[PDB]
Amino acid sequence: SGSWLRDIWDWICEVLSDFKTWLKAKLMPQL
């Protein structure tokens, strides 16, 4: 047994910050 639920929680924290940068990177046109 272990803390699999918590393991995904921390992983989502990185994806949450990444999603914010991913949206800005995709919205940024060729410059």
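Residues numbered from 1 in each chain as written, not as in the entry; some residues may be left out. Heavy atoms only, no water.

- By the method listed in its record, solution NMR, this PDB entry was determined.

Points about the overall build of the chain
Moving on, step 1. Along its length, the chain carries one helix and zero strands.
Moving on, step 2. Projected onto the principal axes, the alpha-carbon positions of the chain cover approximately 50 × 10 × 10 Å.
Moving on, step 3. Residue burial in the chain is summarised as follows: out of 31 residues, 0% are buried.
Moving on, step 4. Where the 4 positive side-chain charges of the chain centre and where its 4 negative ones centre are 11 Å apart. (Helix = DSSP H or I, 4+ residues; strand = E, 2+ residues; numbered from the N terminus. Buried < 20%, exposed > 50% of the residue type's maximum accessible area, 1.4 Å probe, protein only. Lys, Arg positive; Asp, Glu negative; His and termini not counted. Charge placed at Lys NZ, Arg CZ, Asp CG, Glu CD.)

Quick word on the UniProt feature "intramembrane region" in the chain
Moving on, step 1. Taken from the UniProt record, the annotation "intramembrane region" applies to residues 1-31.
Moving on, step 2. Between the end C-alpha atoms of residues 1-31 there is a gap of 50 Å, over a span that is 77% helix and 0% strand. (UniProt positions renumbered as here; feature names shortened; annotations may be inferred.)

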